[PDB]
$ cat work29.json   # JSON, N, CA and C atoms
[["chain", "number", "residue", "atom", "x", "y", "z"],
["A", 102, "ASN", "N", -52.12, 16.25, -42.89],
["A", 102, "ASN", "CA", -51.78, 16.88, -41.61],
["A", 102, "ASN", "C", -53.00, 17.55, -40.98],
["A", 103, "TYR", "N", -54.15, 16.88, -41.01],
["A", 103, "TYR", "CA", -55.33, 17.35, -40.30],
["A", 103, "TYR", "C", -55.52, 16.66, -38.96],
["A", 104, "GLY", "N", -54.80, 15.57, -38.69],
["A", 104, "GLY", "CA", -54.90, 14.86, -37.43],
["A", 104, "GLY", "C", -53.74, 15.15, -36.50],
["A", 105, "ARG", "N", -52.77, 14.23, -36.46],
["A", 105, "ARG", "CA", -51.59, 14.39, -35.62],
["A", 105, "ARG", "C", -50.94, 15.75, -35.83],
["A", 106, "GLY", "N", -50.86, 16.55, -34.77],
["A", 106, "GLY", "CA", -50.28, 17.88, -34.87],
["A", 106, "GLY", "C", -49.48, 18.29, -33.65],
["A", 107, "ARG", "N", -49.04, 17.32, -32.85],
["A", 107, "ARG", "CA", -48.31, 17.61, -31.62],
["A", 107, "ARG", "C", -46.88, 18.04, -31.96],
["A", 108, "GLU", "N", -46.76, 19.30, -32.37],
["A", 108, "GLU", "CA", -45.47, 19.95, -32.62],
["A", 108, "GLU", "C", -44.67, 19.25, -33.71],
["A", 109, "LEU", "N", -45.33, 18.44, -34.54],
["A", 109, "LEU", "CA", -44.67, 17.75, -35.65],
["A", 109, "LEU", "C", -43.60, 16.79, -35.12],
["A", 110, "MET", "N", -43.90, 16.16, -33.99],
["A", 110, "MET", "CA", -43.02, 15.18, -33.37],
["A", 110, "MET", "C", -41.65, 15.79, -33.06],
["A", 111, "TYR", "N", -41.68, 16.88, -32.30],
["A", 111, "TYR", "CA", -40.47, 17.51, -31.78],
["A", 111, "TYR", "C", -40.10, 17.00, -30.40],
["A", 112, "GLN", "N", -40.58, 15.82, -30.02],
["A", 112, "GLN", "CA", -40.43, 15.33, -28.66],
["A", 112, "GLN", "C", -39.00, 14.84, -28.43],
["A", 113, "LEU", "N", -38.77, 14.23, -27.27],
["A", 113, "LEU", "CA", -37.46, 13.73, -26.83],
["A", 113, "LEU", "C", -36.54, 14.84, -26.34],
["A", 114, "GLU", "N", -37.10, 16.01, -26.00],
["A", 114, "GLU", "CA", -36.34, 17.07, -25.35],
["A", 114, "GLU", "C", -36.65, 17.18, -23.86],
["A", 115, "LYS", "N", -37.87, 16.85, -23.45],
["A", 115, "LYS", "CA", -38.25, 16.78, -22.05],
["A", 115, "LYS", "C", -39.52, 15.95, -21.97],
["A", 116, "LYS", "N", -39.75, 15.34, -20.80],
["A", 116, "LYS", "CA", -40.87, 14.41, -20.64],
["A", 116, "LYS", "C", -40.74, 13.26, -21.65],
["A", 117, "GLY", "N", -39.72, 12.45, -21.42],
["A", 117, "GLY", "CA", -39.18, 11.58, -22.45],
["A", 117, "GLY", "C", -37.68, 11.40, -22.33],
["A", 118, "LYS", "N", -37.09, 12.00, -21.29],
["A", 118, "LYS", "CA", -35.68, 11.82, -20.95],
["A", 118, "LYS", "C", -35.45, 10.59, -20.08],
["A", 119, "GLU", "N", -36.31, 9.58, -20.22],
["A", 119, "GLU", "CA", -36.30, 8.38, -19.39],
["A", 119, "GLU", "C", -34.91, 7.80, -19.18],
["A", 120, "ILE", "N", -33.97, 8.12, -20.07],
["A", 120, "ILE", "CA", -32.59, 7.67, -19.95],
["A", 120, "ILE", "C", -32.07, 7.89, -18.53],
["A", 121, "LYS", "N", -32.66, 8.85, -17.81],
["A", 121, "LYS", "CA", -32.22, 9.12, -16.44],
["A", 121, "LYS", "C", -32.52, 7.94, -15.52],
["A", 122, "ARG", "N", -33.69, 7.32, -15.67],
["A", 122, "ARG", "CA", -34.02, 6.18, -14.82],
["A", 122, "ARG", "C", -33.21, 4.94, -15.17],
["A", 123, "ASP", "N", -32.54, 4.93, -16.32],
["A", 123, "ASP", "CA", -31.58, 3.88, -16.64],
["A", 123, "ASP", "C", -30.19, 4.21, -16.10],
["A", 124, "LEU", "N", -29.81, 5.48, -16.17],
["A", 124, "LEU", "CA", -28.56, 5.92, -15.55],
["A", 124, "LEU", "C", -28.57, 5.63, -14.06],
["A", 125, "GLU", "N", -29.71, 5.88, -13.41],
["A", 125, "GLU", "CA", -29.81, 5.62, -11.97],
["A", 125, "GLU", "C", -29.51, 4.16, -11.66],
["A", 126, "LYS", "N", -30.08, 3.25, -12.45],
["A", 126, "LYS", "CA", -29.84, 1.83, -12.21],
["A", 126, "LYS", "C", -28.39, 1.46, -12.53],
["A", 127, "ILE", "N", -27.85, 2.00, -13.62],
["A", 127, "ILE", "CA", -26.46, 1.73, -13.97],
["A", 127, "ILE", "C", -25.54, 2.14, -12.82],
["A", 128, "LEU", "N", -25.86, 3.25, -12.16],
["A", 128, "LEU", "CA", -25.07, 3.67, -11.01],
["A", 128, "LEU", "C", -25.29, 2.74, -9.83],
["A", 129, "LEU", "N", -26.55, 2.46, -9.49],
["A", 129, "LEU", "CA", -26.87, 1.56, -8.39],
["A", 129, "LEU", "C", -27.02, 0.12, -8.88],
["A", 130, "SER", "N", -26.05, -0.33, -9.67],
["A", 130, "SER", "CA", -25.94, -1.73, -10.07],
["A", 130, "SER", "C", -24.52, -2.21, -9.82],
["A", 131, "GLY", "N", -24.38, -3.52, -9.63],
["A", 131, "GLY", "CA", -23.09, -4.09, -9.30],
["A", 131, "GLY", "C", -22.29, -4.52, -10.52],
["A", 132, "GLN", "N", -22.01, -3.58, -11.42],
["A", 132, "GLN", "CA", -21.21, -3.87, -12.60],
["A", 132, "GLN", "C", -19.75, -3.55, -12.33],
["A", 133, "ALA", "N", -18.87, -4.38, -12.89],
["A", 133, "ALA", "CA", -17.44, -4.23, -12.67],
["A", 133, "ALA", "C", -16.92, -2.98, -13.38],
["A", 134, "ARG", "N", -15.62, -2.75, -13.26],
["A", 134, "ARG", "CA", -14.94, -1.60, -13.86],
["A", 134, "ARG", "C", -14.04, -2.04, -15.01],
["A", 135, "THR", "N", -14.52, -2.98, -15.82],
["A", 135, "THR", "CA", -13.72, -3.51, -16.92],
["A", 135, "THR", "C", -13.20, -2.39, -17.80],
["A", 136, "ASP", "N", -11.95, -2.52, -18.23],
["A", 136, "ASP", "CA", -11.31, -1.54, -19.09],
["A", 136, "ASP", "C", -10.21, -2.24, -19.87],
["A", 137, "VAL", "N", -9.46, -1.46, -20.65],
["A", 137, "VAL", "CA", -8.39, -1.99, -21.49],
["A", 137, "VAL", "C", -7.04, -1.36, -21.20],
["A", 138, "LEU", "N", -6.97, -0.32, -20.37],
["A", 138, "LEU", "CA", -5.73, 0.39, -20.11],
["A", 138, "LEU", "C", -4.88, -0.27, -19.03],
["A", 139, "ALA", "N", -5.12, -1.54, -18.72],
["A", 139, "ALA", "CA", -4.30, -2.29, -17.76],
["A", 139, "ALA", "C", -4.36, -1.69, -16.36],
["A", 140, "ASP", "N", -5.41, -0.92, -16.07],
["A", 140, "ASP", "CA", -5.67, -0.36, -14.76],
["A", 140, "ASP", "C", -4.67, 0.72, -14.35],
["A", 141, "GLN", "N", -3.68, 1.01, -15.19],
["A", 141, "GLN", "CA", -2.69, 2.03, -14.87],
["A", 141, "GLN", "C", -3.13, 3.41, -15.32],
["A", 142, "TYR", "N", -3.64, 3.51, -16.55],
["A", 142, "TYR", "CA", -4.13, 4.74, -17.16],
["A", 142, "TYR", "C", -3.01, 5.68, -17.58],
["A", 143, "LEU", "N", -1.75, 5.36, -17.26],
["A", 143, "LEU", "CA", -0.62, 6.17, -17.68],
["A", 143, "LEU", "C", 0.56, 5.30, -18.10],
["A", 144, "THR", "N", 0.28, 4.15, -18.73],
["A", 144, "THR", "CA", 1.35, 3.26, -19.15],
["A", 144, "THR", "C", 2.42, 4.02, -19.93],
["A", 145, "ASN", "N", 2.04, 4.58, -21.08],
["A", 145, "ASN", "CA", 2.92, 5.43, -21.88],
["A", 145, "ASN", "C", 4.32, 4.83, -21.98],
["A", 146, "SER", "N", 4.41, 3.50, -22.05],
["A", 146, "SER", "CA", 5.69, 2.80, -22.06],
["A", 146, "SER", "C", 6.20, 2.73, -23.49],
["A", 147, "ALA", "N", 6.95, 3.75, -23.89],
["A", 147, "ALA", "CA", 7.46, 3.86, -25.25],
["A", 147, "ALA", "C", 6.31, 3.92, -26.26],
["A", 148, "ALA", "N", 5.48, 4.95, -26.12],
["A", 148, "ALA", "CA", 4.39, 5.23, -27.06],
["A", 148, "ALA", "C", 3.33, 4.13, -27.05],
["A", 149, "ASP", "N", 2.68, 3.98, -25.89],
["A", 149, "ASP", "CA", 1.47, 3.18, -25.73],
["A", 149, "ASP", "C", 1.57, 1.84, -26.46],
["A", 150, "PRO", "N", 2.37, 0.90, -25.96],
["A", 150, "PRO", "CA", 2.50, -0.40, -26.64],
["A", 150, "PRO", "C", 1.16, -1.04, -26.96],
["A", 151, "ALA", "N", 0.13, -0.70, -26.19],
["A", 151, "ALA", "CA", -1.20, -1.21, -26.44],
["A", 151, "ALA", "C", -1.67, -0.79, -27.84],
["B", 3, "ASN", "N", 3.08, 2.05, -31.27],
["B", 3, "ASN", "CA", 2.71, 2.13, -32.71],
["B", 3, "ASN", "C", 1.97, 3.43, -33.00],
["B", 4, "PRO", "N", 2.70, 4.54, -33.09],
["B", 4, "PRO", "CA", 2.04, 5.83, -33.34],
["B", 4, "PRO", "C", 1.26, 5.81, -34.64],
["B", 5, "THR", "N", -0.07, 5.86, -34.53],
["B", 5, "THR", "CA", -0.94, 5.90, -35.69],
["B", 5, "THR", "C", -2.36, 6.14, -35.23],
["B", 6, "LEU", "N", -3.03, 7.11, -35.85],
["B", 6, "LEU", "CA", -4.44, 7.40, -35.57],
["B", 6, "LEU", "C", -4.68, 7.52, -34.06],
["B", 7, "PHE", "N", -4.06, 8.55, -33.47],
["B", 7, "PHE", "CA", -4.15, 8.75, -32.03],
["B", 7, "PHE", "C", -5.57, 9.07, -31.57],
["B", 8, "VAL", "N", -6.52, 9.15, -32.51],
["B", 8, "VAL", "CA", -7.90, 9.49, -32.20],
["B", 8, "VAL", "C", -8.49, 8.47, -31.24],
["B", 9, "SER", "N", -9.61, 8.81, -30.61],
["B", 9, "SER", "CA", -10.34, 7.90, -29.74],
["B", 9, "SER", "C", -9.56, 7.53, -28.48],
["B", 10, "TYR", "N", -9.25, 8.52, -27.65],
["B", 10, "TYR", "CA", -8.79, 8.36, -26.27],
["B", 10, "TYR", "C", -7.34, 7.89, -26.17],
["B", 11, "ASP", "N", -6.54, 8.04, -27.23],
["B", 11, "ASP", "CA", -5.12, 7.71, -27.20],
["B", 11, "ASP", "C", -4.35, 9.01, -27.43],
["B", 12, "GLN", "N", -4.12, 9.75, -26.35],
["B", 12, "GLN", "CA", -3.49, 11.06, -26.43],
["B", 12, "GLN", "C", -2.52, 11.22, -25.27],
["B", 13, "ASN", "N", -1.28, 11.58, -25.58],
["B", 13, "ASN", "CA", -0.26, 11.76, -24.55],
["B", 13, "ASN", "C", -0.21, 13.21, -24.09],
["B", 14, "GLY", "N", 0.32, 13.41, -22.89],
["B", 14, "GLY", "CA", 0.46, 14.74, -22.33],
["B", 14, "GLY", "C", -0.87, 15.31, -21.87],
["B", 15, "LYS", "N", -1.57, 14.57, -21.02],
["B", 15, "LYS", "CA", -2.91, 14.94, -20.57],
["B", 15, "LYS", "C", -2.92, 15.13, -19.06],
["B", 16, "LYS", "N", -3.84, 15.98, -18.61],
["B", 16, "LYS", "CA", -4.05, 16.18, -17.18],
["B", 16, "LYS", "C", -4.82, 15.00, -16.60],
["B", 17, "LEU", "N", -4.80, 14.90, -15.27],
["B", 17, "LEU", "CA", -5.42, 13.77, -14.58],
["B", 17, "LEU", "C", -6.62, 14.17, -13.72],
["B", 18, "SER", "N", -6.71, 15.44, -13.31],
["B", 18, "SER", "CA", -7.82, 15.91, -12.50],
["B", 18, "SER", "C", -7.89, 15.15, -11.17],
["B", 19, "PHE", "N", -6.79, 15.22, -10.42],
["B", 19, "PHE", "CA", -6.74, 14.59, -9.11],
["B", 19, "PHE", "C", -7.73, 15.26, -8.17],
["B", 20, "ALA", "N", -7.83, 14.71, -6.96],
["B", 20, "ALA", "CA", -8.66, 15.28, -5.91],
["B", 20, "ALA", "C", -7.80, 16.17, -5.02],
["B", 21, "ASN", "N", -8.24, 17.42, -4.85],
["B", 21, "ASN", "CA", -7.53, 18.38, -4.01],
["B", 21, "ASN", "C", -7.68, 18.10, -2.52],
["B", 22, "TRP", "N", -8.29, 16.97, -2.15],
["B", 22, "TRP", "CA", -8.48, 16.60, -0.76],
["B", 22, "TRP", "C", -8.07, 15.16, -0.56],
["B", 23, "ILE", "N", -7.70, 14.83, 0.67],
["B", 23, "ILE", "CA", -7.29, 13.48, 1.06],
["B", 23, "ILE", "C", -8.24, 13.03, 2.16],
["B", 24, "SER", "N", -9.15, 12.12, 1.83],
["B", 24, "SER", "CA", -10.10, 11.61, 2.80],
["B", 24, "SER", "C", -9.43, 10.61, 3.72],
["B", 25, "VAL", "N", -9.54, 10.84, 5.03],
["B", 25, "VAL", "CA", -8.96, 9.96, 6.03],
["B", 25, "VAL", "C", -9.85, 9.98, 7.26],
["B", 26, "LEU", "N", -10.02, 8.82, 7.88],
["B", 26, "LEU", "CA", -10.82, 8.71, 9.09],
["B", 26, "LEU", "C", -9.99, 9.06, 10.31],
["B", 27, "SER", "N", -10.61, 9.76, 11.25],
["B", 27, "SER", "CA", -9.95, 10.21, 12.48],
["B", 27, "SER", "C", -10.81, 9.84, 13.68],
["B", 28, "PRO", "N", -10.84, 8.57, 14.07],
["B", 28, "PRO", "CA", -11.55, 8.19, 15.30],
["B", 28, "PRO", "C", -10.82, 8.68, 16.54],
["B", 29, "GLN", "N", -10.92, 9.98, 16.81],
["B", 29, "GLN", "CA", -10.24, 10.61, 17.94],
["B", 29, "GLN", "C", -11.20, 10.92, 19.08],
["B", 30, "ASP", "N", -12.16, 10.02, 19.33],
["B", 30, "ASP", "CA", -13.14, 10.25, 20.39],
["B", 30, "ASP", "C", -12.46, 10.51, 21.73],
["B", 31, "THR", "N", -11.62, 9.57, 22.17],
["B", 31, "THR", "CA", -10.95, 9.66, 23.46],
["B", 31, "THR", "C", -11.94, 9.98, 24.58],
["B", 32, "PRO", "N", -12.86, 9.06, 24.89],
["B", 32, "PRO", "CA", -13.86, 9.37, 25.92],
["B", 32, "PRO", "C", -13.31, 9.30, 27.34],
["B", 33, "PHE", "N", -12.28, 8.48, 27.58],
["B", 33, "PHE", "CA", -11.80, 8.27, 28.94],
["B", 33, "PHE", "C", -10.84, 9.37, 29.36],
["B", 34, "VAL", "N", -9.80, 9.60, 28.57],
["B", 34, "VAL", "CA", -8.79, 10.59, 28.92],
["B", 34, "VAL", "C", -9.37, 12.00, 28.92],
["B", 35, "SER", "N", -10.42, 12.24, 28.13],
["B", 35, "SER", "CA", -11.06, 13.55, 28.12],
["B", 35, "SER", "C", -11.74, 13.88, 29.44],
["B", 36, "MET", "N", -11.86, 12.91, 30.35],
["B", 36, "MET", "CA", -12.48, 13.13, 31.65],
["B", 36, "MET", "C", -11.61, 12.72, 32.82],
["B", 37, "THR", "N", -10.59, 11.88, 32.61],
["B", 37, "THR", "CA", -9.79, 11.39, 33.73],
["B", 37, "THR", "C", -9.22, 12.55, 34.55],
["B", 38, "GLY", "N", -8.41, 13.39, 33.92],
["B", 38, "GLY", "CA", -7.75, 14.48, 34.59],
["B", 38, "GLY", "C", -6.24, 14.38, 34.49],
["B", 39, "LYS", "N", -5.59, 15.46, 34.93],
["B", 39, "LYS", "CA", -4.14, 15.56, 34.89],
["B", 39, "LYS", "C", -3.61, 16.03, 36.24],
["B", 40, "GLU", "N", -2.34, 15.72, 36.49],
["B", 40, "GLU", "CA", -1.68, 16.10, 37.73],
["B", 40, "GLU", "C", -0.18, 15.89, 37.55],
["B", 41, "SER", "N", 0.61, 16.90, 37.93],
["B", 41, "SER", "CA", 2.04, 16.85, 37.71],
["B", 41, "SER", "C", 2.72, 15.87, 38.66],
["B", 42, "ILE", "N", 3.86, 15.34, 38.21],
["B", 42, "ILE", "CA", 4.67, 14.43, 39.01],
["B", 42, "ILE", "C", 6.13, 14.67, 38.66],
["B", 43, "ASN", "N", 7.00, 14.50, 39.66],
["B", 43, "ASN", "CA", 8.42, 14.77, 39.50],
["B", 43, "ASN", "C", 9.28, 13.51, 39.61],
["B", 44, "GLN", "N", 8.67, 12.34, 39.75],
["B", 44, "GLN", "CA", 9.41, 11.09, 39.86],
["B", 44, "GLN", "C", 8.74, 10.03, 39.00],
["B", 45, "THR", "N", 9.56, 9.11, 38.48],
["B", 45, "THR", "CA", 9.05, 8.02, 37.65],
["B", 45, "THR", "C", 8.24, 7.00, 38.43],
["B", 46, "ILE", "N", 8.16, 7.13, 39.75],
["B", 46, "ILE", "CA", 7.41, 6.20, 40.59],
["B", 46, "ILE", "C", 6.54, 7.01, 41.53],
["B", 47, "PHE", "N", 5.26, 6.64, 41.61],
["B", 47, "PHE", "CA", 4.31, 7.30, 42.49],
["B", 47, "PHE", "C", 3.47, 6.25, 43.19],
["B", 48, "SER", "N", 2.81, 6.67, 44.26],
["B", 48, "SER", "CA", 2.07, 5.74, 45.10],
["B", 48, "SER", "C", 1.03, 6.49, 45.92],
["B", 49, "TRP", "N", -0.01, 5.76, 46.32],
["B", 49, "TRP", "CA", -1.05, 6.26, 47.20],
["B", 49, "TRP", "C", -1.31, 5.22, 48.28],
["B", 50, "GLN", "N", -2.14, 5.59, 49.25],
["B", 50, "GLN", "CA", -2.47, 4.71, 50.37],
["B", 50, "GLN", "C", -3.98, 4.68, 50.57],
["B", 51, "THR", "N", -4.44, 3.64, 51.26],
["B", 51, "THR", "CA", -5.86, 3.43, 51.51],
["B", 51, "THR", "C", -6.15, 3.60, 53.00]]
$ encode --input "work29.json" --output "structure tokens"
Amino acid sequence: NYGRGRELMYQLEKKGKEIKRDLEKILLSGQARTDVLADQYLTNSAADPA
Amino acid sequence: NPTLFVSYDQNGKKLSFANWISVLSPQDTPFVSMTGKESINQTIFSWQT
């Protein structure tokens, strides 16, 4: 431990949150709204037959 | 099939609706806002030139 000493690799808390530039694209992308709840979200037809 | 309700299978939940109702109101009315008004007492009216 005489060389690398940048906080003992405590990174990924800031300057490294690049996930934001992927979230931005996910929002401004033309992906569908696929789901499994039959688009109702409140089926509850005798204890969620699904 | 009630079993292992974990992972987003839970009954009796709130929905978090929107407290507002978005609706368009194209109420410009450019012509009637300038035409004018005048009372009349008969269903038929007329003018002359």
$ closest_atom_pairs --input "work29.json" --of "chain B" --to "chain A" --cutoff "8 Å" --atoms "all atoms listed in the file" --output "tab-separated table"
residue	atom	partner	partner_atom	distance
B:3	N	A:148	C	4.7
B:4	N	A:148	C	6.1
B:13	CA	A:145	CA	7.6
$ select_by_dssp --input "work29.json" --residues "chain A" --states "alpha helix (DSSP H)" --output "PDB file with N, CA and C atoms, keeping the file's coordinate frame"
ATOM      1  N   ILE A 120     -33.970   8.120 -20.070  1.00  0.00           N
ATOM      2  CA  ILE A 120     -32.590   7.670 -19.950  1.00  0.00           C
ATOM      3  C   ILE A 120     -32.070   7.890 -18.530  1.00  0.00           C
ATOM      4  N   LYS A 121     -32.660   8.850 -17.810  1.00  0.00           N
ATOM      5  CA  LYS A 121     -32.220   9.120 -16.440  1.00  0.00           C
ATOM      6  C   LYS A 121     -32.520   7.940 -15.520  1.00  0.00           C
ATOM      7  N   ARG A 122     -33.690   7.320 -15.670  1.00  0.00           N
ATOM      8  CA  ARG A 122     -34.020   6.180 -14.820  1.00  0.00           C
ATOM      9  C   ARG A 122     -33.210   4.940 -15.170  1.00  0.00           C
ATOM     10  N   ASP A 123     -32.540   4.930 -16.320  1.00  0.00           N
ATOM     11  CA  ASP A 123     -31.580   3.880 -16.640  1.00  0.00           C
ATOM     12  C   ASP A 123     -30.190   4.210 -16.100  1.00  0.00           C
ATOM     13  N   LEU A 124     -29.810   5.480 -16.170  1.00  0.00           N
ATOM     14  CA  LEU A 124     -28.560   5.920 -15.550  1.00  0.00           C
ATOM     15  C   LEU A 124     -28.570   5.630 -14.060  1.00  0.00           C
ATOM     16  N   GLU A 125     -29.710   5.880 -13.410  1.00  0.00           N
ATOM     17  CA  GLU A 125     -29.810   5.620 -11.970  1.00  0.00           C
ATOM     18  C   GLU A 125     -29.510   4.160 -11.660  1.00  0.00           C
ATOM     19  N   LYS A 126     -30.080   3.250 -12.450  1.00  0.00           N
ATOM     20  CA  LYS A 126     -29.840   1.830 -12.210  1.00  0.00           C
ATOM     21  C   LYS A 126     -28.390   1.460 -12.530  1.00  0.00           C
ATOM     22  N   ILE A 127     -27.850   2.000 -13.620  1.00  0.00           N
ATOM     23  CA  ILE A 127     -26.460   1.730 -13.970  1.00  0.00           C
ATOM     24  C   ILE A 127     -25.540   2.140 -12.820  1.00  0.00           C
ATOM     25  N   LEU A 128     -25.860   3.250 -12.160  1.00  0.00           N
ATOM     26  CA  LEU A 128     -25.070   3.670 -11.010  1.00  0.00           C
ATOM     27  C   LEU A 128     -25.290   2.740  -9.830  1.00  0.00           C
TER      28      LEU A 128
END
$ atom_distance --input "work29.json" --atom1 "atom N of residue 42 in chain B" --atom2 "atom C of residue 28 in chain B"
27.0 Å
$ axis_aligned_box --input "work29.json" --around "range 115-129 of chain A" --padding-each-side "3 Å" --output "lines of an AutoDock Vina configuration file"
center_x = -33.0
center_y = 8.5
center_z = -15.9
size_x = 21.8
size_y = 22.7
size_z = 21.1
$ atom_distance --input "work29.json" --atom1 "atom C of residue 50 in chain B" --atom2 "atom N of residue 37 in chain B"
20.4 Å
$ atom_distance --input "work29.json" --atom1 "atom N of residue 18 in chain B" --atom2 "CA of residue 138 in chain A"
16.5 Å
